4 protein chains.
Amino acid sequence: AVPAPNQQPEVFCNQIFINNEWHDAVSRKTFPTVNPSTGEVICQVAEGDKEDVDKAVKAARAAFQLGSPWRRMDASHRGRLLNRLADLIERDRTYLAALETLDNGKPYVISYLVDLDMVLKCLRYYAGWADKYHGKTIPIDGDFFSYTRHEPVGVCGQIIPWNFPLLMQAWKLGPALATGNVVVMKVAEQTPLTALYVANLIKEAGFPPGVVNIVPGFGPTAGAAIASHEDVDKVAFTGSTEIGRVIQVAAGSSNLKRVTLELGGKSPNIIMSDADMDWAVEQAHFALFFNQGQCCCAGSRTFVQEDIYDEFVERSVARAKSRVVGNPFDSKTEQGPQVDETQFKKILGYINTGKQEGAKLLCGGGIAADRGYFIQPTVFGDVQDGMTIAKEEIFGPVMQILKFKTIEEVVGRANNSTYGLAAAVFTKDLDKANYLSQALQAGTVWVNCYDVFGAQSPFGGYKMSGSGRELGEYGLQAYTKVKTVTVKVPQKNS
Amino acid sequence: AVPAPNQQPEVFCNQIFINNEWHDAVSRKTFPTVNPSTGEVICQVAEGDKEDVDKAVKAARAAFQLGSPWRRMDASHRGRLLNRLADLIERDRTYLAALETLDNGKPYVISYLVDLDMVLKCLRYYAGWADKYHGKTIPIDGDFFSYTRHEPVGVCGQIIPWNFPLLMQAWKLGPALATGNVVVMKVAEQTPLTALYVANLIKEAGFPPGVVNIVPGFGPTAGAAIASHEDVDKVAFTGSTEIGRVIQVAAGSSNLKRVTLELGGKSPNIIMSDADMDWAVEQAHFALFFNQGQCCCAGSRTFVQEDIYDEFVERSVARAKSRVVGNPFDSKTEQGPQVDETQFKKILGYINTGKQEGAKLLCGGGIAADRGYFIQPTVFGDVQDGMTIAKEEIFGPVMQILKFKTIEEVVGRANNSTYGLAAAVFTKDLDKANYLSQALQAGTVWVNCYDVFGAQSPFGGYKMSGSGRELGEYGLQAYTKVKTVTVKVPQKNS
Amino acid sequence: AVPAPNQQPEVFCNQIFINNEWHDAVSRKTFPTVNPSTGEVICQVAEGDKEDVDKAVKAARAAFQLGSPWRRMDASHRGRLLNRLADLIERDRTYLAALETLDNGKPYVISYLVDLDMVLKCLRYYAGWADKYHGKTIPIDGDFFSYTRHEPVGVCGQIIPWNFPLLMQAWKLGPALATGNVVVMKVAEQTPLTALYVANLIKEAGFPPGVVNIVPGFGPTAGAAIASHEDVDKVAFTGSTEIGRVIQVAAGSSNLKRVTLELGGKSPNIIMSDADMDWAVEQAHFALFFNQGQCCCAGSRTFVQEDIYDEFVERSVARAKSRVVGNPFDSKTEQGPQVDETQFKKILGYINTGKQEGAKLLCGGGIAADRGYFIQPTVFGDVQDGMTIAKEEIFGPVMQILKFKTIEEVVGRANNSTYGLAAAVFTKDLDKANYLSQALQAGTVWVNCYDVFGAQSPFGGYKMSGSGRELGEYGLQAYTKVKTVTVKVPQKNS
Amino acid sequence: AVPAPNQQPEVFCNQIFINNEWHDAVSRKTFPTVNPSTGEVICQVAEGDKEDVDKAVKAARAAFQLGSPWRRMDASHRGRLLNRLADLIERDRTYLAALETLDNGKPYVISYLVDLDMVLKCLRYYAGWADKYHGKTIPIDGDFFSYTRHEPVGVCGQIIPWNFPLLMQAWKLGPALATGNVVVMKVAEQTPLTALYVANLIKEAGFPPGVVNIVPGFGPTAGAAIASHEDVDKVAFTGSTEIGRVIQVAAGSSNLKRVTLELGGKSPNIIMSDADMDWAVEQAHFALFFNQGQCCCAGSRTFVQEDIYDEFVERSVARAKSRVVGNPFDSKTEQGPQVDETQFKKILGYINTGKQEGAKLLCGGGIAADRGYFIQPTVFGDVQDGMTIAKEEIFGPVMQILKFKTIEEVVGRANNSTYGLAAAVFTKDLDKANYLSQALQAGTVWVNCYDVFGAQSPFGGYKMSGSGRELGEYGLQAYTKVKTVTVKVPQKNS
Ligand SMILES: NC(=O)c1ccc[n+]([C@@H]2O[C@H](COP(=O)([O-])OP(=O)(O)OC[C@H]3O[C@@H](n4cnc5c(N)ncnc54)[C@H](O)[C@@H]3O)[C@@H](O)[C@H]2O)c1
Ligand SMILES: Nc1ncnc2c1ncn2[C@@H]1O[C@H](COP(=O)(O)OP(=O)(O)O)[C@@H](O)[C@H]1O
Ligand code: NA
């Protein structure tokens with residue numbers, strides 16, 4: 001039930017978005033954005049830098065001034081605008097899905113049925129929160145009346161990755177806007193197109209000038225300018241652990257702005273012996289291969305109980321070999337190309353590193369096409385905890401299958417990691433599922449499923465996977481300041 | 001680890017408690033309270049009636065007047081008082097436990113380790129809620145500041161049963177006092193002693209006069225006087241569905257006061273084929289026989305899958321035969337006498353009715369001693385849905401074991417009842433437990449356990465088992481009035 | 001900014017709505033509905049009775065069966081449906097507003113700008129709550145995992161009055177539907193039209209058959225049939241205190257169903273001497289006269305401090321005399337006719353009762369036109385607390401102005417009432433506002449404003465003004481059952 | 001009602017506290033702690049460093065291990081322990097108050113009546129939260145059961161200042177312990193005594209070894225070691241903005257641990273023309289001079305409306321001159337000495353800087369005694385926003401009085417600051433109070449009062465005054481990790 005795509009969608013937006021107007025970079029420079037499926041340049045995009053970020057923050061701050069349309073606006077109206085934006089996105093669903101595929105490389109079918117669906121649900125869910133995040137009236141001691149107001153944080157800098165251009169944008173705009181904040185967004189240089197188009201819809205939706213500003217550009221330039229800005233009240237980052245540290249330090253060095261980090265992981269997918277074989281195999285495959293493996297919480301560590309190891313591995317390899325790689329606009333395509341050349345090589349490097357360390361290559365392991373950044377679905381057997389491919393996030397179609405004996409054993413092994421973004425357990429036993437879900441040190445533990453995100457459920461990590469949460473009511477906390485007002489009263493009564 | 005009990009505790013309180021003072025009934029009348037273990041009169045107790053309830057309500061209302069000590073007192077101080085009450089009760093724990101056994105009949109060991117333990121945990125749990133039940137500040141449209149205050153409901157009438165005199169008292173006083181209400185409590189004529197002694201501890205703890213008033217007496221007299229009183233703002237009742245209807249009608253006929261009912265049930269205990277046999281049998285036994293079967297949520301309908309039916313029944317019968325019946329003060333005693341003669345006969349009648357309808361009597365079925373109201377642990381096999389013993393709450397040590405085939409089948413049969421207080425499921429399968437816990441129409445669904453009450457978890461029923469909840473944060477809603485204050489402000493900003 | 005109305009809107013729906021189908025009464029009877037502005041019959045409408053209510057409940061019950069489309073539907077989707085209904089109402093906004101005026105009598109402008117605007121905001125508000133009313137995971141003692149599910153209460157009987165036909169409908173449908181209940185609604189015989197038209201839109205919106213059933217008819221027949229029905233789980237009533245008692249008794253006499261009552265009031269509007277005179281006079285006028293005085297929380301007791309009494313009264317009288325009474329479809333019209341002849345006489349009766357008691361008639365006091373049920377804006381001065389016009393709810397354009405000296409005095413006088421729905425205070429002083437908003441025993445206290453309802457702020461009364469609340473998060477509590485599931489786990493850890 | 005103090009309290013604890021044991025620093029070094037009233041050394045205290053912090057973190061990590069006594073302990077029991085700690089502190093109340101005064105210098109009367117009272121209230125408040133911080137069950141789309149668990153963050157490093165030794169300790173221990181975290185606390189070198197004694201009480205209360213570890217020592221050594229430790233999950237700091245930046249950078253450079261900062265401020269105290277003169281003067285005086293001005297939210301910028309400026313200044317100067325300075329153990333002493341020599345000089349420097357810049361010295365301005373660090377209550381009039389004493393936090397008994405004309409003016413001037421911890425308004429006007437409380441950019445806005453802290457009300461700052469909040473339910477968020485468990489179920493139903 002998917003409409004025919006325009007395999008060559010036209011690009012209308014490729015500049016810097018500030019105050020609902022399109023501007024060229026102050027430097028006039030532009031950078032190209034590549035179609036990962038062909039390696040060809042799609043178009044030129046304004047290259048924002050420090051001076052462009054400065055103009056954006058200034059517009060954002062002005063839109064956030066006391067008495068401004070955005071600040072005076074009824075909370076319920078913010079919800080109306082979010083719902084309107086959702087409607088416009090649904091109107092241009094087919095176009096956006098195609099553009100997403102063109103710039104990112106993910107299958108159009110998935111782009112339409114998954115990405116945009118979730119974008120719509122995210123925006124619609126948050127529209128509903130706009131006028132429901134209450135403060136409190138507190139029964140403090142003495143003759144006083146005390147209450148709290150949940151005010152917006154202010155100017156929020158949002159730096160998003162390229163794996164889910166639209167979804168990441170929505171996960172950030174949703175809570176930020178619902179709570180009345182203003183945004184300065186820096187989209188990934190590899191996939192700036194869709195987000196820039198949405199900025200056009202944000203204008204058509206009626207959001208006041210300066211409430212949302214998007215600055216396309218490079219990380220060390222535009223991104224760092226945001227993180228170090230003296231007038232940015234908060235910076236939300238989603239990407240590598242490496243850059244996540246840079247952000248945190250730039251924040252402490254500047255104005256002590258709030259910082260939430262959504263880093264990657266080496267998510268353990270534990271398959272117990274009593275698990276439904278058919279389901280576990282299909283889900284473990286999805287768990288890793290989803291979105292060309294370019295998933296922050298990809299199940300890149302598939303722990304399988306010894307009794308079912310051989311059979312599991314056999315089925316997984318068969319499924320991996322049957323995974324159709326090709327043109328993302330083709331309906332049969334299950335896996336498209338990787339985002340860019342840099343990731344293309346980085347992943348080939350990890351594949352090589354895997355063979356070198358003793359991991360048993362069961363299938364794939366090389367380039368899947370001469371044109372574009374396509375990689376064959378790769379699976380490694382008999383992986384060990386000490387191996388590089390079992391410690392570092394590959395972010396590609398490379399599966400690692402480890403073997404284990406006891407449930408107490410797998411707990412320690414799955415937990416022995418610097419990451420803790422997600423985890424999964426497949427079993428039919430009640431006690432085992434409860435034991436594991438509690439023992440596993442991950443922000444999200446799936447039972448007999450994987451990658452089940454609800455706009456309603458919080459998503460974040462433990463340890464070096466980041467701090468703070470996104471989605472659900474918890475996503476609102478990070479975009480809110482608590483002000484307490486305590487008033488002296490004549491005589492307090494219960 | 002249980003101290004030696006005074007098998008003949010002295011009684012210090014046996015009058016009406018109003019304004020922290022002991023009074024005789026206006027009529028001067030007194031009624032006897034019996035020791036169910038010997039059938040002997042323990043002592044005389046003031047027989048409160050309408051004129052006494054009138055005095056109590058008057059006292060309560062005065063203590064609730066704006067500006068009074070109780071109304072002005074800091075919420076955190078109410079918590080202090082509840083904690084103080086808990087301390088006093090722990091001080092006299094050994095005494096109270098013995099007095100409880102003397103008047104109620106339950107084993108002293110259970111009285112000490114279970115009842116009083118839960119009373120202490122309940123009072124201490126609620127003590128902590130006293131200053132944490134917040135109102136809200138609401139983001140209403142327009143230039144207004146809107147907020148809510150959670151105010152006490154007022155004079156609360158509390159009519160409690162005899163199965164757990166102390167615990168029932170605590171379950172009512174806890175949320176009511178934490179929220180700042182005043183109480184006029186009517187304790188069961190069969191077990192007024194412990195509650196009256198606690199009233200003395202309430203005065204010792206420092207609660208202002210009139211905050212808690214206890215009127216011992218009969219139901220149709222004192223109880224009905226409370227339910228129909230024009231100045232009682234709320235009545236919480238716990239007992240038979242029969243009287244529960246009288247209470248609700250009395251409330252609609254008077255001042256439209258709030259009403260919460262905690263009626264009995266015919267709670268289904270579903271044992272799946274893959275359940276841990278040893279655990280299931282022990283828990284199913286506990287599920288019904290606990291407190292001489294005098295438990296509102298007793299598992300009086302033990303549904304067992306056909307594959308394990310015969311084995312289950314065998315073990316259950318063995319366990320029932322081994323259940324020690326005798327002097328409640330004896331450490332070996334597992335089951336004491338029933339509360340009184342009326343219940344004694346009522347149970348014997350149901351046992352008789354069971355034989356006559358075709359239910360297979362597997363053990364017991366008659367009187368267990370010539371002195372006291374002791375009944376043999378009875379078990380009925382091959383029970384059918386249409387039988388009386390499978391529809392009406394016996395409230396005695398009489399177990400009903402039914403057989404079933406499919407999971408879809410047992411859902412419908414377990415749900416086919418006018419009651420819906422509790423239910424339980426024993427299984428090792430994840431999907432089965434979740435399917436059942438969701439499909440079962442009961443206020444509380446236990447999985448692989450039974451009678452697991454936390455002072456922190458809500459407890460109430462569906463359908464004709466009552467309305468409203470007790471325990472947990474939900475218990476507070478029933479004792480709170482929501483007042484909304486909407487103020488016009490110069491200019492609203494987020 | 002109001003579109004031209006069709007002063008003679010066509011009626012498309014005038015039958016009983018069950019299972020998304022239009023049916024005639026089983027009896028085949030019909031009753032006429034009158035246009036209060038002309039006294040002429042608009043059309044004939046199906047006259048539902050017990051038999052029709054029975055059919056409605058059965059349909060509702062079927063739509064609520066486990067596994068049904070409405071029960072399985074994603075919570076987010078129920079919100080989608082409510083938003084769709086809101087869009088349909090907005091589409092037909094001009095028509096509905098005209099039809100509301102035709103049947104009820106309130107000015108078209110008000111119907112368009114106020115009633116319909118509020119209905120859209122109400123449904124859109126609740127659409128957002130659909131997937132955000134979370135249950136809890138409770139940290140109970142022992143090795144257990146305890147949580148709560150907020151389930152729909154079931155089949156909800158909703159009986160609504162005629163003062164605000166559409167808004168009352170929305171206030172009931174919103175929370176009920178967002179929480180997944182099914183409804184059997186009984187609309188007022190004086191104003192059944194708009195609600196029946198909305199049932200058509202409910203069908204067009206996609207709501208499953210039986211989710212919403214409307215049975216137009218009389219109270220003693222259809223209404224009583226719902227209140228006494230054995231299969232209705234909850235009954236929500238809004239109307240006279242007289243009938244509210246009937247409903248509560250009918251509920252306790254039947255199945256112990258849940259009951260929430262939204263009864264009237266004799267709301268105090270207190271004007272302190274330091275209030276802004278211009279604003280207080282305009283607001284007090286609106287507080288009472290709004291909607292032909294046919295408002296449950298009308299400020300029918302305007303208490304004015306002695307120092308500004310003469311001046312206030314003078315301005316109030318002038319404003320009352322200048323209030324334009326006439327054809328509700330005329331833009332200049334501020335006051336339309338009263339709903340029907342019965343109310344017309346009832347008010348004439350109170351006006352006379354006022355004169356007889358000694359209250360000073362300052363203006364109006366008689367019929368305002370020979371056609372329709374128009375009454376002159378009436379104002380009584382120097383009213384006393386003992387007078388009947390100061391104790392009973394007139395529900396008409398009859399203002400009562402009382403004089404007072406101190407703030408301690410007015411508190412006692414404003415509180416001395418069987419009603420406690422709302423109250424207001426006009427003052428510039430912080431301490432006075434806080435003192436009174438705390439002291440006043442009313443479910444809603446407005447400071448320097450009146451009739452400020454937010455779809456997000458709770459609305460209900462104290463004492464004999466009812467139990468339970470509507471609007472805001474609190475409105476969801478009444479349409480929800482709390483199920484507690486407590487699971488045994490291997491070993492609990494924090 | 002204050003017991004007679006031991007002006008020379010014994011010191012029982014002066015070492016490093018790890019695993020409920022007292023240890024000397026690994027280096028064996030010790031630093032002296034001075035009595036600011038006499039300048040004499042009280043005693044020697046173990047000088048902890050990196051190696052000591054290492055040992056503390058290890059013990060804390062061990063106590064936090066899955067299956068440990070602290071991890072398995074009932075949430076309600078954590079509350080019992082906190083309540084037992086409070087009891088022990090109350091038992092030793094007079095001793096602790098004396099010790100607090102000896103080491104810090106604040107008046108014994110204040111230490112006893114204010115500090116210790118608040119410590120008890122804080123611990124008792126949080127004891128109540130131990131088992132009431134619920135997770136949620138979320139209505140996610142699809143056939144899934146999704147819920148959240150609120151888990152402890154882990155090993156929390158807590159670095160506290162010297163202005164409120166005991167209170168700051170309780171403010172940190174309360175929420176951290178209530179939520180089941182383990183602590184490694186670094187107390188200020190100027191005031192380590194009281195906290196160390198409390199550690200002894202923590203052992204006596206029954207807290208498992210390793211749950212609380214206190215390491216006295218210097219900042220750049222022990223403090224930095226905690227902030228940069230690889231195994232510390234969270235660091236909460238309270239002190240200078242200067243060090244607060246060091247902490248945040250140390251965290252981003254290490255393990256991306258969570259960071260909450262409680263920095264100082266230059267809190268504006270606005271006195272409107274209509275304020276109660278007597279009350280405003282007394283509160284403004286309290287606002288600034290309290291605790292020798294060593295208060296993070298000291299009202300160091302007293303803005304006064306021009307119409308009442310002269311009278312206000314006059315009264316304030318009179319009140320400052322009558323403030324009794326002297327031996328803190330004397331009942332008549334209102335002001336004790338400053339914490340240490342460094343602060344003593346820093347303050348004198350600001351005083352001098354004040355005179356140099358043109359501020360009008362109205363009283364004091366010099367040393368108040370030859371012995372001890374006493375400074376005279378100083379007041380500066382006609383202060384200007386540009387002046388150093390109007391921008392930098394003095395932290396001493398030095399008041400700045402500024403003049404203003406309009407309410408719109410004062411908001412901008414009050415907001416024009418790097419800080420935003422607190423603020424206050426004195427007015428009798430409702431609209432003014434609401435306008436200001438909303439407009440002021442501060443974490444806490446007081447109306448007609450100052451320094452009103454409730455264990456129940458959140459406390460934190462805006463901008464460079466820090467991030468995160470303390471006290472109230474909000475204090476728990478910082479010490480909790482949210483884990484989401486999403487389980488696949490057979491068929492989801494509402
Ligand atoms: N606002 C407050 O709550 C508050 C309280 C006390 C002091 N202060 C500020 O502190 C100023 C001067 O006193 P101070 O310098 O001793 O306070 P500070 O902020 O430096 O001291 C607070 C805590 O930080 C620790 N610390 C110091 N340097 C550290 C470092 N490099 N890394 C990690 N931890 C370190 C200290 O040992 C102490 O335990 C005061 O004038 C005021 O500005 C503020
Ligand atoms: N008619 C009544 N009106 C009010 N309360 C009653 C009435 N009858 C009994 N009660 C009270 O209800 C509580 C529980 O008793 P009930 O449910 O009637 O069990 P029983 O009467 O079989 O002992 C006791 O306080 C009892 O006195
Ligand atoms: Na200061």
# chains A, B, ... in the order shown; residues from 1 in each chain; ligands from 1
$ residues_near_ligand --ligand "ligand 1" --cutoff "8 Å" --atoms "only C-alpha atoms and all ligand atoms" --output "MDAnalysis selection string"
chainID D and resid 159:164 186:190 217:227 237:244 246:247 262:265 294:297 343 346 393:395
$ interface_residues --of "chain A" --to "chain C" --cutoff "10 Å" --atoms "only C-alpha atoms" --output "VMD selection string"
chain A and resid 76 to 77 79 to 80 83 121 124 to 132 134 145 430 to 435 438 to 439 455 to 456 472 to 473 487 to 494
$ write_last_selection --atoms "C-alpha atoms" --output "PDB file, in the first residue's frame"
ATOM      1  CA  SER A  76      -2.965  24.515  23.423  1.00  0.00           C
ATOM      2  CA  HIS A  77      -2.198  26.615  20.319  1.00  0.00           C
ATOM      3  CA  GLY A  79      -0.342  21.884  20.040  1.00  0.00           C
ATOM      4  CA  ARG A  80      -2.460  23.152  17.155  1.00  0.00           C
ATOM      5  CA  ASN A  83      -0.689  19.076  14.528  1.00  0.00           C
ATOM      6  CA  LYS A 121       3.056   9.918  15.268  1.00  0.00           C
ATOM      7  CA  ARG A 124       1.047  14.242  16.915  1.00  0.00           C
ATOM      8  CA  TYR A 125       1.918  12.784  20.248  1.00  0.00           C
ATOM      9  CA  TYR A 126       3.815  15.861  21.347  1.00  0.00           C
ATOM     10  CA  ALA A 127       1.135  18.197  20.093  1.00  0.00           C
ATOM     11  CA  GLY A 128      -1.002  16.565  22.767  1.00  0.00           C
ATOM     12  CA  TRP A 129       1.523  17.259  25.505  1.00  0.00           C
ATOM     13  CA  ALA A 130       1.601  21.000  24.836  1.00  0.00           C
ATOM     14  CA  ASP A 131      -1.046  21.804  27.411  1.00  0.00           C
ATOM     15  CA  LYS A 132      -0.721  18.880  29.789  1.00  0.00           C
ATOM     16  CA  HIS A 134       1.560  20.575  34.840  1.00  0.00           C
ATOM     17  CA  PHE A 145       1.391  29.075  49.277  1.00  0.00           C
ATOM     18  CA  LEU A 430       8.453 -15.534  32.719  1.00  0.00           C
ATOM     19  CA  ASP A 431      11.184 -15.706  35.376  1.00  0.00           C
ATOM     20  CA  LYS A 432      14.001 -15.532  32.848  1.00  0.00           C
ATOM     21  CA  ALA A 433      12.508 -12.501  31.117  1.00  0.00           C
ATOM     22  CA  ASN A 434      12.021 -10.694  34.440  1.00  0.00           C
ATOM     23  CA  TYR A 435      15.484 -11.626  35.723  1.00  0.00           C
ATOM     24  CA  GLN A 438      16.067  -6.153  35.574  1.00  0.00           C
ATOM     25  CA  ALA A 439      19.717  -7.265  35.463  1.00  0.00           C
ATOM     26  CA  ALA A 455       6.408   8.093  20.683  1.00  0.00           C
ATOM     27  CA  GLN A 456       5.030   7.398  24.208  1.00  0.00           C
ATOM     28  CA  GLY A 472       7.325  10.090  26.285  1.00  0.00           C
ATOM     29  CA  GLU A 473       6.726  12.369  29.271  1.00  0.00           C
ATOM     30  CA  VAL A 487       3.944  33.370  48.606  1.00  0.00           C
ATOM     31  CA  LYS A 488       3.248  34.447  52.193  1.00  0.00           C
ATOM     32  CA  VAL A 489      -0.464  34.008  53.063  1.00  0.00           C
ATOM     33  CA  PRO A 490      -2.695  35.127  55.984  1.00  0.00           C
ATOM     34  CA  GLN A 491      -3.328  31.691  57.528  1.00  0.00           C
ATOM     35  CA  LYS A 492      -2.806  28.329  55.895  1.00  0.00           C
ATOM     36  CA  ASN A 493      -5.452  25.631  56.247  1.00  0.00           C
ATOM     37  CA  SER A 494      -5.465  22.142  54.735  1.00  0.00           C
TER      38      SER A 494
END
$ select_by_dssp --residues "segment 139-316 of chain D" --states "strand (DSSP E)" --output "ChimeraX atom specification"
/D:144-152,155-159,182-186,212-214,234-239,258-263,268-271,301-305
$ atom_distance --atom1 "atom CA of residue 41 of chain C" --atom2 "atom CA of residue 167 of chain C"
23.4 Å
$ residues_around --residues "residue 191 of chain A" --least-positions-apart "3" --cutoff "12 Å" --atoms "only C-alpha atoms" --output "CSV table (one decimal) with C-alpha atoms, in the first residue's frame"
chain,number,residue,atom,x,y,z
A,14,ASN,CA,19.1,24.1,0.2
A,31,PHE,CA,28.9,22.0,0.1
A,32,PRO,CA,27.6,19.2,-2.0
A,33,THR,CA,25.2,16.4,-0.7
A,34,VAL,CA,25.7,13.0,-2.3
A,35,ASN,CA,23.2,10.3,-3.4
A,36,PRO,CA,24.8,7.3,-1.6
A,42,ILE,CA,22.3,15.7,-5.7
A,43,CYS,CA,22.8,19.5,-5.3
A,44,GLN,CA,24.7,22.2,-3.5
A,45,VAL,CA,23.7,23.3,0.1
A,99,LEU,CA,13.7,12.7,-0.8
A,100,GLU,CA,14.7,10.9,2.3
A,101,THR,CA,15.7,7.8,0.3
A,102,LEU,CA,17.6,9.9,-2.3
A,103,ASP,CA,19.7,11.7,0.3
A,104,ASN,CA,20.1,8.9,3.0
A,105,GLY,CA,19.8,5.7,0.9
A,106,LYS,CA,17.3,3.8,3.0
A,160,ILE,CA,21.2,15.6,14.8
A,161,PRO,CA,22.8,12.7,12.9
A,162,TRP,CA,22.1,11.2,9.4
A,163,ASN,CA,20.7,7.7,10.1
A,164,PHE,CA,17.2,9.0,10.5
A,165,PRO,CA,17.1,12.6,9.1
A,166,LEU,CA,13.4,13.2,9.5
A,168,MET,CA,15.6,12.6,14.5
A,169,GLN,CA,14.3,16.1,13.5
A,186,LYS,CA,22.2,21.7,12.9
A,187,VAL,CA,21.5,18.9,10.6
A,188,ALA,CA,23.9,16.3,9.3
A,194,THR,CA,14.5,16.6,4.1
A,195,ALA,CA,14.9,18.7,7.3
A,196,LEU,CA,15.3,21.8,5.2
A,197,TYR,CA,12.1,21.0,3.4
A,216,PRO,CA,23.1,23.1,7.5
A,217,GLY,CA,26.8,22.7,7.6
A,218,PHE,CA,29.8,20.9,9.0
A,339,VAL,CA,25.2,6.9,4.0
A,340,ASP,CA,28.6,7.9,2.6
$ residues_near_ligand --ligand "ligand 3" --cutoff "12 Å" --atoms "only C-alpha atoms and all ligand atoms" --output "compact mmCIF listing (two decimals) with C-alpha atoms, in the first residue's frame"
# COMPACT_ATOMS: atom_id res chain seq x y z
CA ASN D 163 27.89 27.90 54.65
CA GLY D 264 25.76 31.30 43.85
CA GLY D 265 23.91 34.41 42.80
CA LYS D 266 23.24 38.12 43.01
CA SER D 267 19.57 37.72 43.96
CA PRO D 268 17.38 40.80 43.55
CA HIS D 285 17.54 42.89 56.35
CA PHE D 286 17.07 39.13 56.89
CA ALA D 287 17.32 38.50 53.13
CA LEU D 288 20.88 39.75 53.10
CA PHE D 289 22.42 39.44 56.59
CA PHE D 290 21.21 35.91 57.34
CA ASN D 291 24.05 33.53 58.15
CA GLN D 292 26.65 36.35 58.06
CA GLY D 293 25.56 36.98 54.46
CA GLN D 294 27.11 33.61 53.55
CA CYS D 295 24.00 32.49 51.67
CA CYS D 296 23.91 31.42 48.02
CA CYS D 297 20.59 33.22 47.46
CA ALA D 298 21.28 36.26 49.61
CA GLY D 299 19.23 39.31 48.63
CA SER D 300 22.41 41.22 47.70
CA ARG D 301 20.54 43.64 45.38
CA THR D 302 17.78 45.39 47.28
CA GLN D 338 32.78 34.93 58.66
CA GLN D 343 36.54 35.14 53.13
CA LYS D 346 37.66 39.01 50.27
CA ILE D 347 34.73 40.82 51.93
CA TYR D 350 34.68 44.30 48.21
CA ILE D 351 33.81 46.87 50.85
CA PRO D 377 27.02 45.01 59.16
CA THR D 378 27.62 47.25 56.17
CA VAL D 379 25.09 49.03 53.95
CA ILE D 389 29.45 45.36 44.41
CA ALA D 390 26.28 45.20 42.31
CA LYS D 391 27.58 42.44 40.02
CA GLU D 392 29.83 40.16 42.08
CA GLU D 393 28.73 37.88 44.89
CA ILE D 394 30.28 39.23 48.09
CA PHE D 395 28.98 36.48 50.41
CA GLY D 396 29.23 38.79 53.44
CA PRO D 397 27.20 41.22 55.62
CA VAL D 398 27.24 43.90 52.93
CA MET D 399 23.95 45.26 51.66
CA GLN D 400 23.43 47.09 48.37
$ atom_distance --atom1 "atom CA of residue 483 of chain B" --atom2 "atom CA of residue 231 of chain B"
20.0 Å
$ residues_around --residues "residue 111 of chain D" --least-positions-apart "3" --cutoff "8 Å" --atoms "only C-alpha atoms" --output "list in words"
residues 97, 98, 100, 101, 106, 107, 108, 114, 115 and 116 of chain D
$ residues_around --residues "segment 209-212 of chain B" --least-positions-apart "2" --cutoff "8 Å" --atoms "only C-alpha atoms" --output "number ranges by chain"
B: 18-20, 56, 59-64, 70, 181-185, 199, 202-203, 207, 214
